[PDB]
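First come two forms of one protein chain, each written alone as C-alpha coordinates, so that there is a structure 1 and a structure 2.
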Structure 1
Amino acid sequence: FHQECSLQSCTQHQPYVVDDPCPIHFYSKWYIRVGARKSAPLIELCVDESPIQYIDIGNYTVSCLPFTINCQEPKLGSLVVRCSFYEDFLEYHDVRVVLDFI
(Lines of atoms letter the chains of each structure in order from A and count residues from 1; the text may use other names and numbers.)
(Lines give C-alpha, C1' and ligand atoms only; values in the text may rest on other atoms or scores of the structure.)
Protein backbone atom coordinates (compact mmCIF):
# COMPACT_ATOMS: atom_id res chain seq x y z
CA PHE A 1 0.00 0.00 0.00
CA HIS A 2 1.31 3.46 -0.94
CA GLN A 3 1.01 6.50 1.31
CA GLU A 4 -0.83 9.53 -0.03
CA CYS A 5 1.15 12.02 2.09
CA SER A 6 4.85 12.40 2.86
CA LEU A 7 5.83 14.56 5.84
CA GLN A 8 9.46 15.70 5.75
CA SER A 9 11.73 17.96 7.80
CA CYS A 10 14.20 20.54 6.51
CA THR A 11 15.85 23.79 7.59
CA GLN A 12 13.81 26.61 6.08
CA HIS A 13 15.32 28.66 3.23
CA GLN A 14 18.28 26.31 2.74
CA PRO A 15 18.92 23.61 0.12
CA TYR A 16 17.21 20.28 0.78
CA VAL A 17 17.42 17.05 -1.21
CA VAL A 18 13.83 15.77 -1.08
CA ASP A 19 13.44 12.22 0.22
CA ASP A 20 11.80 10.49 -2.75
CA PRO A 21 8.55 8.78 -1.64
CA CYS A 22 8.09 6.79 -4.86
CA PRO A 23 8.78 3.05 -4.53
CA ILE A 24 11.70 1.40 -6.26
CA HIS A 25 10.88 0.59 -9.91
CA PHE A 26 8.65 3.69 -10.16
CA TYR A 27 9.57 6.87 -12.03
CA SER A 28 9.38 10.11 -10.05
CA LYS A 29 8.21 13.34 -11.67
CA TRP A 30 7.67 16.44 -9.55
CA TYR A 31 4.81 18.91 -9.98
CA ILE A 32 3.06 21.82 -8.32
CA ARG A 33 -0.71 21.47 -8.16
CA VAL A 34 -1.93 25.05 -8.57
CA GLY A 35 -3.47 26.40 -5.36
CA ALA A 36 -3.44 22.84 -3.99
CA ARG A 37 -6.77 22.47 -5.83
CA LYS A 38 -7.18 18.99 -7.31
CA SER A 39 -9.18 20.38 -10.25
CA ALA A 40 -6.40 22.89 -11.06
CA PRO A 41 -3.52 22.06 -13.43
CA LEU A 42 -0.19 20.42 -12.66
CA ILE A 43 2.92 22.51 -13.32
CA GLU A 44 5.95 20.37 -14.08
CA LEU A 45 9.04 21.51 -12.20
CA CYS A 46 11.51 19.65 -14.46
CA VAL A 47 10.77 19.88 -18.19
CA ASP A 48 11.82 16.59 -19.79
CA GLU A 49 9.63 16.50 -22.91
CA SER A 50 2.30 19.58 -24.81
CA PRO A 51 2.58 23.38 -24.59
CA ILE A 52 5.41 24.68 -22.40
CA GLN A 53 4.97 28.23 -21.12
CA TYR A 54 7.19 30.48 -19.02
CA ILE A 55 6.26 30.40 -15.32
CA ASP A 56 8.57 32.05 -12.78
CA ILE A 57 9.11 29.38 -10.12
CA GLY A 58 11.73 31.67 -8.55
CA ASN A 59 14.39 30.09 -6.34
CA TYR A 60 12.27 27.04 -5.51
CA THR A 61 14.02 24.29 -7.49
CA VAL A 62 17.76 24.08 -6.80
CA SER A 63 18.22 20.98 -8.96
CA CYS A 64 16.15 18.40 -10.81
CA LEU A 65 18.66 15.54 -10.47
CA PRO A 66 18.60 14.88 -7.62
CA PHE A 67 15.38 16.77 -6.91
CA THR A 68 16.46 19.55 -4.56
CA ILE A 69 14.41 22.51 -3.36
CA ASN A 70 15.12 25.58 -1.34
CA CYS A 71 13.23 24.34 1.72
CA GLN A 72 9.89 26.19 1.73
CA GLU A 73 6.22 25.81 0.91
CA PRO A 74 5.74 26.67 -2.79
CA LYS A 75 3.80 29.87 -3.45
CA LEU A 76 2.00 28.45 -6.49
CA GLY A 77 0.48 25.51 -4.62
CA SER A 78 1.22 22.08 -3.21
CA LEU A 79 4.26 19.97 -4.05
CA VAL A 80 3.30 16.66 -5.67
CA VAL A 81 5.36 13.78 -7.04
CA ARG A 82 3.73 11.35 -9.46
CA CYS A 83 5.08 7.80 -9.15
CA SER A 84 4.79 5.90 -12.45
CA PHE A 85 5.50 2.17 -12.64
CA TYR A 86 8.47 1.26 -14.85
CA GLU A 87 6.59 -1.43 -16.81
CA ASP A 88 3.31 0.49 -17.19
CA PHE A 89 2.83 4.26 -17.04
CA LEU A 90 -0.91 3.74 -16.47
CA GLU A 91 -0.21 2.36 -12.97
CA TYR A 92 0.62 5.54 -11.08
CA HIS A 93 -0.04 7.24 -7.77
CA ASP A 94 0.52 10.74 -6.41
CA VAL A 95 2.26 11.61 -3.14
CA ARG A 96 1.88 15.05 -1.58
CA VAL A 97 5.06 16.29 0.12
CA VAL A 98 4.60 18.44 3.23
CA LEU A 99 7.44 20.19 5.05
CA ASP A 100 7.95 20.66 8.78
CA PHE A 101 10.53 23.39 9.30
CA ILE A 102 13.26 22.64 11.84
Structure 2
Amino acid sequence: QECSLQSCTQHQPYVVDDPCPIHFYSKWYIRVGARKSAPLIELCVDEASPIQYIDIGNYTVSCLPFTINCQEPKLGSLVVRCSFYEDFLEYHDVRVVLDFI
Protein backbone atom coordinates (compact mmCIF):
# COMPACT_ATOMS: atom_id res chain seq x y z
CA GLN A 1 0.00 0.00 0.00
CA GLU A 2 2.49 2.60 -1.22
CA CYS A 3 1.78 6.11 -2.37
CA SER A 4 3.85 8.41 -4.57
CA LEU A 5 3.17 12.13 -4.33
CA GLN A 6 4.65 14.12 -7.20
CA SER A 7 4.44 17.75 -8.33
CA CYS A 8 3.86 19.26 -11.74
CA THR A 9 2.34 22.21 -13.54
CA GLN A 10 -1.33 21.66 -14.32
CA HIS A 11 -2.25 21.15 -18.00
CA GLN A 12 1.41 20.88 -19.13
CA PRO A 13 3.36 17.71 -20.02
CA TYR A 14 4.96 15.92 -17.11
CA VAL A 15 7.31 12.95 -17.26
CA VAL A 16 6.00 10.79 -14.41
CA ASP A 17 8.70 9.71 -11.98
CA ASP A 18 8.54 5.90 -11.97
CA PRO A 19 8.36 4.83 -8.30
CA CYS A 20 9.15 1.18 -9.03
CA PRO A 21 12.55 -0.07 -7.84
CA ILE A 22 15.31 0.21 -10.39
CA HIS A 23 15.48 -2.72 -12.84
CA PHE A 24 11.85 -3.58 -12.07
CA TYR A 25 9.42 -3.80 -14.94
CA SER A 26 6.54 -1.33 -14.64
CA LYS A 27 3.06 -1.13 -16.17
CA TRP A 28 0.88 1.94 -15.87
CA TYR A 29 -2.83 1.59 -15.18
CA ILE A 30 -6.00 3.46 -14.39
CA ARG A 31 -7.88 1.77 -11.57
CA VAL A 32 -11.50 2.59 -12.41
CA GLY A 33 -13.13 4.77 -9.75
CA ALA A 34 -10.05 4.24 -7.61
CA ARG A 35 -12.05 1.22 -6.39
CA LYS A 36 -9.75 -1.73 -5.66
CA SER A 37 -12.46 -4.22 -6.73
CA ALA A 38 -12.89 -2.37 -10.05
CA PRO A 39 -11.06 -2.99 -13.34
CA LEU A 40 -7.42 -2.05 -13.91
CA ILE A 41 -7.18 -0.44 -17.36
CA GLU A 42 -3.68 -0.74 -18.83
CA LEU A 43 -2.27 2.41 -20.40
CA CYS A 44 0.21 2.58 -23.30
CA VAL A 45 -0.56 -0.76 -24.92
CA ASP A 46 1.48 -0.81 -28.15
CA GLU A 47 -0.72 -3.31 -30.03
CA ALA A 48 -2.75 -6.53 -29.63
CA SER A 49 -1.67 -6.79 -23.34
CA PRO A 50 -4.71 -8.42 -25.03
CA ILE A 51 -6.88 -5.27 -25.10
CA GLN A 52 -5.53 -1.92 -26.28
CA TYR A 53 -7.12 1.04 -24.52
CA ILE A 54 -7.18 4.39 -26.28
CA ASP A 55 -8.13 7.63 -24.55
CA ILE A 56 -10.55 10.16 -25.99
CA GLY A 57 -8.77 12.95 -24.11
CA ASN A 58 -5.23 14.21 -23.74
CA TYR A 59 -4.17 12.48 -20.53
CA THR A 60 -1.19 10.68 -22.11
CA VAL A 61 1.41 12.88 -23.80
CA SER A 62 3.84 10.04 -24.53
CA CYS A 63 4.40 6.38 -23.71
CA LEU A 64 8.22 6.60 -23.77
CA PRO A 65 8.89 7.81 -21.21
CA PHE A 66 5.41 7.65 -19.73
CA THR A 67 4.35 11.29 -19.84
CA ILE A 68 0.99 12.75 -18.86
CA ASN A 69 -0.78 16.03 -19.28
CA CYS A 70 -0.39 17.03 -15.64
CA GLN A 71 -3.85 16.45 -14.18
CA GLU A 72 -5.65 14.04 -11.92
CA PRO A 73 -7.43 11.34 -13.95
CA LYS A 74 -11.21 11.34 -13.46
CA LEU A 75 -11.85 7.77 -14.63
CA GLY A 76 -10.00 6.43 -11.60
CA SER A 77 -6.61 6.38 -9.95
CA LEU A 78 -3.22 6.31 -11.63
CA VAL A 79 -1.47 3.15 -10.51
CA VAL A 80 1.89 1.67 -11.47
CA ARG A 81 2.45 -2.08 -11.11
CA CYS A 82 6.05 -2.98 -10.23
CA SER A 83 7.40 -6.47 -10.90
CA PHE A 84 10.91 -7.86 -11.00
CA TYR A 85 9.97 -10.67 -13.41
CA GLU A 86 8.44 -10.13 -16.85
CA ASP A 87 5.49 -12.44 -16.12
CA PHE A 88 4.27 -10.08 -13.34
CA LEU A 89 3.01 -12.89 -11.11
CA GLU A 90 4.58 -11.32 -8.00
CA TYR A 91 4.35 -7.53 -7.92
CA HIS A 92 3.40 -4.47 -5.93
CA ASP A 93 1.25 -1.49 -6.89
CA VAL A 94 1.98 2.16 -6.19
CA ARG A 95 -0.65 4.86 -6.59
CA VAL A 96 0.61 8.15 -8.06
CA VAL A 97 -0.96 11.42 -6.96
CA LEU A 98 -0.25 15.00 -8.06
CA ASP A 99 0.27 18.25 -6.21
CA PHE A 100 0.09 21.16 -8.64
CA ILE A 101 2.60 24.01 -8.61
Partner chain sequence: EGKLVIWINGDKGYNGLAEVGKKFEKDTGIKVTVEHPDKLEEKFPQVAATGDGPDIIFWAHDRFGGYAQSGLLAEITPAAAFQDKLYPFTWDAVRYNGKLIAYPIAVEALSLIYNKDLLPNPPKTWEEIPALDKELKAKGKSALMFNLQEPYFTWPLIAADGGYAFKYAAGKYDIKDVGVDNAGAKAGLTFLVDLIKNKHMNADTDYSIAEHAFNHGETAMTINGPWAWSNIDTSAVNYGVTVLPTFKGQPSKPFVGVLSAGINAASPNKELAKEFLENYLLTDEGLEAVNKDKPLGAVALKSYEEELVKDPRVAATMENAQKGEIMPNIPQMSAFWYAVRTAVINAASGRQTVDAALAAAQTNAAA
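Rigid core here is just the name for the largest C-alpha set that superposes within 1.5 Å across the two forms. Residue numbering: structure 1 sequence, from 1.
Just one question: which structure is the form deposited with the partner chain bound?
Between the two, the form deposited with the partner chain bound is shown as structure 1, not structure 2.
Mobile residue between structures 1 and 2, C-alpha criterion 2 Å or more, rigid core, from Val62, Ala36, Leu42, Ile57
Per the superposition, the moving residue is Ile57.
When the rigid core is used for the superposition, does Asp19 move between structures 1 and 2 (threshold: C-alpha shift of 2 Å or more)?
Stays below the 2 Å threshold, so no.
Could you tell me how many Å the Cα atom of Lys75 shifts between structures 1 and 2 when the rigid core is held superposed?
With the rigid core fitted, the alpha carbon of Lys75 is displaced 1.3 Å between structures 1 and 2.
How much does the C-alpha of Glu91 move between structures 1 and 2, in Å, when the core is lined up?
Value for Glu91 between structures 1 and 2: 2.3 Å of C-alpha shift.
Rigid core superposed, the C-alpha shift at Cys10 between structures 1 and 2 in Å
Core-aligned C-alpha shift comes out at 0.2 Å.
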